[PDB]
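S.K.:
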Amino acid sequence: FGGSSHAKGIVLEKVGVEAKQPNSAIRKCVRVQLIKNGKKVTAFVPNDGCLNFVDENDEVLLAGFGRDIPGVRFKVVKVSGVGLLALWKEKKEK
Amino acid sequence: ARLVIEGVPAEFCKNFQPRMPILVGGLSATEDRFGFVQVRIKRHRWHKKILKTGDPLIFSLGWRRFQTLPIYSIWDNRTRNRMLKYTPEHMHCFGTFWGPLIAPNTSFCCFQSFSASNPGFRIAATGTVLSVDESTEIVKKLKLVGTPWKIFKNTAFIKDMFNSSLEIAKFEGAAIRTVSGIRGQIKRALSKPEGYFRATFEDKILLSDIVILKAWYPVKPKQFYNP
Amino acid sequence: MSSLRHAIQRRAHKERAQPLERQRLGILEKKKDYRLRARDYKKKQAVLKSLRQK
Amino acid sequence: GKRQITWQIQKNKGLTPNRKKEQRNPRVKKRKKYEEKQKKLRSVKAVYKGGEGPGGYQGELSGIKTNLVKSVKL
Amino acid sequence: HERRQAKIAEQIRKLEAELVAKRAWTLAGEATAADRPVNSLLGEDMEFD
RNA sequence: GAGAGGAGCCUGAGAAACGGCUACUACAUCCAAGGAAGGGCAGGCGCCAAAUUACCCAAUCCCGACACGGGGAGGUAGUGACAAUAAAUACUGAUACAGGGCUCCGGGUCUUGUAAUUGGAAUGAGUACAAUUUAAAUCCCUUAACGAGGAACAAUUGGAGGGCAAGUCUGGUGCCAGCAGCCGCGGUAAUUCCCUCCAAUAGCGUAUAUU
């Protein structure tokens, strides 16, 4: 993940939706099937409200970080073409 | 191809117009089974009202359009789906109603009226269908409330809460609470002032305090369905 | 984050007063008044404990 | 008899952070920022602000302090 | 059918009569011994600490 | 410089003219199945979508029985935050009330504020009569008239920090602490409640390569 800057992906399993803490990293991370690589990497959805928008099977664009689980490395930026922060705000539908 | 169908009423026969189109929508057996549907409601961004639970709705799911009544409820810290009374503004709750079953990830639309006279944005709620079941497990907090009658140091005889020693004995080990954040335990039914009892607390409470029991009464959604 | 928090997610929640019957009895202690009488009583009993040991 | 579209529909503000009327204009915002940081430099250092005014030295207003040596050793 | 929308219309009348009418003490989320009947706490089933 | 394709042919002042004939070679269209007519670049998708299917020969110029008839040169306009340029979203008083405001454990400074009450001017975005510019329109240049009181003519993008429930979850030698909280008893024509600071500012954030 140094050749391209954004990678597409399939949301595979919302990992840890049964957690107790509302904005912990367990609830934030989501399992992702990378399309071109074929690997499965988990990525931080930046809110539990945004986790309510990240659905199953959907095409989801991810990016990196830069700086509760230090080591999960990617970041969900879009869900089905629409940006996830524009979904978090009431800007656009999907 | 041609499709012949027996049993079509004289509303569609005697009121047919080619302006309104005709669908041939393909059900499955799952789409033919009634039951309870667990559903991820978000209100629409440009619906102006908020959506009460007991108020009926008109649904766009599958191939058909309902008028059934949901129960909005937040899976609040993932131990209970506690029953809300309104849809949260700008947030995804878990609605649940009685209709036909559909497979999950079925995104769906939601309406309060089929009337042209709505001055703005008829769409009520949008979302995805979460799962399906019968016999929901939606929970609403019932509080039983009462007044300190006599105040000793850690014990307190409290009143106006239970009606009888039978009810005290049913709740005779219960965690009772004072809104000062003061826990306590129902110990034993006080004999002659029937309905009052003895509790103990972690510290001394006041007569100004008010003593609550935070129980969780179960809620069944109503069935009624019509297209 | 604090930037990832709305403005309805920062609304102050309203403390509820007493019923009008109990308005005779006084202020509903909620957590603040409880902590004031609890720390005051702890201070009193700490001083009385030191004096009993004297 | 056409359904008029409303204003949030036309401009999807959605859920934006509530901002200030002083933030609405950047020139007003730097005007109200310079007035405050002109004010704070009065509190720290000594500004001239004219000599004796009309009345002609009603004494050292705002006191005189005798121990204090406000000077740079050289 | 007019039979189906007739019986369904009756059930609409019963339900919206219930939406107009009062709220039972188990659903009014703070019940007390003045509010409820006598041994009516006994028959129900709740979950408490 | 070479041009459905070899092979030949014809016109003219100038062509081995092919978007002209004659066979042969490779396909392919109308048919009443004998016969016939047939041999371009541009457009969209492509090796989840982003620049008009615009108006004219009016200028300048070219060709014909020739002042008229013809012009895929050229001109006029439309989109465009990739840039680059100028700069709106306000200016100015008066009084009333408050006594602290600010800055580095104790210091240092002296006028500061108000979701306080009122008063003034200023209008430019825009709406737009006209006329003009033009092949015709438009932009421009003029331009009468309307055109500001916040709940509006409704500035954004990032970050940092505070406060909060009869709510929730977790830990544990009561009353503490944690993470957090659109979710609270009722109530949806129900409610009228809580923000501060920093940065760039019609622009700004983010990811990787990085220098």
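Going down the list, the sequences are from chains x, Z, H, C and c. Numbered per the deposited numbering, the first sequence spans residues 43 to 109, 116 to 142. Under the deposited numbering, the residue at position 20 of the second sequence is numbered 796, and the numbers go up by one with no gaps. Under the deposited numbering, the residue at position 34 of the third sequence is numbered 34, and the numbers go up by one with no gaps. Under the deposited numbering, the residue at position 49 of the fourth sequence is numbered 623, and the numbers go up by one with no gaps. Under the deposited numbering, the residue at position 47 of the fifth sequence is numbered 522, and the numbers go up by one with no gaps. For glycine and all other residues, C-beta sits at the position ideal for the given N, C-alpha and C.
Who are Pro994(Z)'s beta bridge partners in DSSP?
M.R.: According to DSSP, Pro994(Z) shares a beta bridge with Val915(Z).
S.K.: Quick one: give me the first and last residue of the beta strand (DSSP E) that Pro797(Z) is part of.
M.R.: For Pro797(Z), there is no enclosing beta strand (DSSP E), as DSSP marks it with neither H nor E.
S.K.: Once the 5 residues before and after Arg856(Z) are set aside, which same chain residues still bring their CB inside 6 Å of it?
M.R.: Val915
S.K.: Look at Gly903(Z) and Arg841(Z) and say whether their C-beta atoms are less than 8 Å apart.
M.R.: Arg841(Z) sits away from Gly903(Z), with the two beta carbons spaced by 8 Å or more.
S.K.: Buried or exposed for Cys71(x), please, with buried defined as at least 16 other CB atoms from any protein chain shown within 10 angstroms of its CB.
M.R.: buried
S.K.: Output yes or no for whether 8 Å exceeds the beta carbon distance between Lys980(Z) and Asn930(Z).
M.R.: Against a cut-off of 8 Å, the Cβ pair of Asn930(Z) and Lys980(Z) comes out as a contact.
S.K.: Taking 8 Å as the cut-off, decide whether the C-beta atoms of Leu920(Z) and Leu966(Z) are in contact.
M.R.: no
S.K.: Just the Cα atoms here: how many angstroms apart are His476(c) and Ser836(Z)?
M.R.: 22 Å
S.K.: Using beta-carbon positions only, say whether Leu28(H) and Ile986(Z) come within less than 8 Å of one another.
M.R.: yes
S.K.: Could you tell me the alpha carbon to alpha carbon distance between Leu877(Z) and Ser849(Z), rounded to whole angstroms?
M.R.: 19 Å
S.K.: For the beta strand (DSSP E) containing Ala105(x), name the first residue and the last one.
M.R.: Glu101 to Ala105
S.K.: Compare the C-alpha of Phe523(c) against each of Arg778(Z), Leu982(Z), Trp874(Z) and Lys917(Z) and name the closest.
M.R.: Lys917(Z)
S.K.: From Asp936(Z), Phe870(Z), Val955(Z) and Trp992(Z), pick the residue whose C-alpha is nearest to that of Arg819(Z); which is it?
M.R.: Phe870(Z)
S.K.: Out of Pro118(x), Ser128(x), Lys142(x) and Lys137(x), which has the shortest C-alpha to C-alpha gap to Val53(x)?
M.R.: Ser128(x)
S.K.: Using a threshold of 8 Å, state whether the C-beta atoms of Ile117(x) and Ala61(x) are closer than that.
M.R.: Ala61(x) is positioned such that its CB atom lies no closer than 8 Å to that of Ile117(x).
S.K.: Touching or not, the stretch 796-804 of chain Z and the stretch 857-864 of chain Z, by the rule of three or more beta carbon pairs under 8 Å?
M.R.: Two segments are said to touch when three or more pairs of C-beta atoms, one from each, lie closer than 8 Å; by this definition the stretch 796-804 of chain Z does not touch the stretch 857-864 of chain Z.
S.K.: In this structure, how does DSSP classify residue 95(H) when only helix, strand and coil are distinguished?
M.R.: No statement about residue 95(H) is possible, as the shown extent of chain H runs from 1 to 54 and does not include it.
S.K.: Is it the case that the Cβ atoms of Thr829(Z) and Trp874(Z) are separated by a distance below 8 Å?
M.R.: no
S.K.: Cα separation between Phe947(Z) and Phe973(Z)?
M.R.: 11 Å
S.K.: List, from N- to C-terminal side, the alpha helix (DSSP H) runs of 4 residues or more that fit wholly inside the stretch 72-100 of chain x.
M.R.: 90-93
S.K.: Could you list which residues in chain H have their beta carbon closer than 8 Å to that of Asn592(C), in chain order?
M.R.: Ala7
S.K.: Beta carbon of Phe977(Z), beta carbon of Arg959(Z): below 8 Å?
M.R.: yes
S.K.: At the 8 Å Cβ level, is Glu101(x) part of the contact set with chain Z, yes or no?
M.R.: no
S.K.: How many angstroms separate the CA atom of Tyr993(Z) from the CA atom of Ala503(c)?
M.R.: Taken atom to atom, the span from the alpha-carbon of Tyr993(Z) to that of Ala503(c) is near 11 Å.
S.K.: For a contact defined as C-beta to C-beta under 9 Å, what are the partners of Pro88(x) on chain H?
M.R.: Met1 and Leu4
S.K.: Let me see if you follow: with CB-CB separation under 8 Å, is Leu918(Z) close to chain c or not?
M.R.: yes
S.K.: Between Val124(x) and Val102(x), is the Cβ-Cβ spacing less than 8 Å?
M.R.: yes
S.K.: What's the call for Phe86(x), buried or exposed, on a 16-neighbour Cβ count within 10 Å?
M.R.: buried
S.K.: Are the CB atoms of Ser907(Z) and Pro880(Z) nearer to each other than 8 Å?
M.R.: yes
S.K.: Any beta carbon from chain Z within less than 8 Å of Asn65(x)'s own beta carbon?
M.R.: no
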